[PDB]
């Protein structure tokens, strides 16, 4: 008895200055895919989207809580399959760290995702697809399998960047605290307390030891699989078709690859084919893959 668990997050930030249009559609499309093709069950899928009528908003605390509940349920030797999809804004913190932007701006950074996957026992898998800017590297120190160190007219589509500049994020938070410091950690700790990211709540000395501790475990267990929408220094495109059916370019490329290839695919094959789709379609972003050598050759979501 193997578990198939999913957390699907989409942030459109609707009726705000940072609105996106395709992120919730990405969640709904991927939900239908894992239900039909990959054998996931409805009650094993948590959906967090920020449409105004939503019951559970994708705040930083709600996302981290849903991910923590999943990773704690994986059992050693079980082969449990855990899946996390994110569509929304991404940002980069200078001197670099990558982050996703929950709807309340309680940033979740690459060290938070490293701490999360370090809870997993050997034999289980955590597959993360992050259709967001600066998403390459979102699992700190996870080995790059496809990316700049290991591997056509521009699209005519209407596109919107899924990046929020760091200055925009810092200004939004400073508006809430009234503090004039440029240290984003100070704002996040004041606003979110223990729900703030690891980088911002721990003292400098304690963060160093935790980094060494997390580095130590990676030599024994490596269960994390990151499929990013773009490189660390890139953005990911939100696509407007022209009829009201927006989508993330990368999430849609994944759908196209899956539609053309019903058989089981290795993780590296899915990413390589998604890159080819986006390149052919004139998008500039380059999806990347971070995982162990063994998981690069493993089947995506352990499809039969």
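Numbering follows the first chain given and starts at 1.
Undergrad: Would you class the number of unmodelled deposited residues between residue 95 and residue 96 as none, 1 to 3, 4 to 9, or 10 or more?
TA: The entry leaves 4 to 9 residues without coordinates here.
Undergrad: Using what the record says, work out whether there is a hole in the model between residue 151 and residue 152 and how many deposited residues it spans (none, 1 to 3, 4 to 9, 10 or more).
TA: In the deposited sequence, 4 to 9 residues between these two have no coordinates.
Undergrad: Can you tell me which stretch has the higher mean Cα B-factor, 271-279 or 237-245?
TA: Comparing 237-245 with 271-279, the higher mean C-alpha B-factor belongs to 237-245.
Undergrad: Got a sec? Mean C-alpha B-factor, which is higher, 156-164 or 175-183?
TA: Stretch with the greater average CA B-factor: 175-183.
Undergrad: Say you rank 212, 142, 112, 131 by Cα B-factor from the PDB entry; which sits at the top?
TA: By C-alpha B-factor in the record, 212 ranks first.
Undergrad: Say you rank 224, 229, 193, 137 by Cα B-factor from the PDB entry; which sits at the top?
TA: In the PDB entry, the greatest C-alpha B-factor among 224, 229, 193, 137 is found at 193.
Undergrad: What third of its chain, lowest, middle or highest, does the C-alpha temperature factor of residue 292 fall into?
TA: Middle third - that is where residue 292 ends up once the chain's C-alpha B-factors are sorted.
Undergrad: Going by the recorded CA B-factors, say which third of the chain residue 6 sits in, lowest, middle or highest.
TA: CA B-factor rank for residue 6: lowest third.
Undergrad: Please place residue 147 in the lowest, middle or highest third of its chain according to the CA B-factor in the PDB entry.
TA: According to the entry, residue 147 has a C-alpha B-factor in the chain's middle third.
Undergrad: Sorting by Cα B-factor within the chain, modelled residues only, which third would residue 254 end up in: lowest, middle or highest?
TA: Residue 254: CA B-factor falls in the lowest third of its chain.
Undergrad: Going by the entry, which third of its chain does the Cα temperature factor of residue 56 land in?
TA: CA B-factor rank for residue 56: highest third.
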